[PDB]
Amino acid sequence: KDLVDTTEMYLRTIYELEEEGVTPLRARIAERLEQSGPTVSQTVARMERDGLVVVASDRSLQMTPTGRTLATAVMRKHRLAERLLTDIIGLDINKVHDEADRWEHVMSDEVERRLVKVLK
């Protein structure tokens, strides 16, 4: 719905946290994604069950090999979308990332590869 796909926006949010140094904590995801505290815990749990993440003893989020995989793919697509929007389509900059947060969840690998060549 809002997130088009939750697991992906959760995986991306975690990855983005690690990227900026911040400890990947559920409380963070909650605030970053505008969702309630127990909602996040529940979903993360669901994801842990699905073998995407793991909660550590220090309560930090640890992505599994499969987790990262999916994570870097959404990140990838996010950029690739953001580019296509700003250049080829030429959408208002202040609206770009907003658009890409959605397209990122519905862009196939096929197009992904295709698009990397196209942009250039």
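Sequential numbering from 1, following the sequence displayed.
According to the PDB record, 86 to 94 carries the higher mean C-alpha B-factor of the two stretches 86 to 94 and 29 to 37. Mean CA B-factor, 107 to 115 versus 7 to 15: the higher value falls on 107 to 115.
When the C-alpha B factors of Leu80, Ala73, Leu52, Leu61 are read from the deposited coordinates, the top value falls at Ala73. Looking at the C-alpha B-factors along this chain, the one for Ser57 belongs to the highest third.
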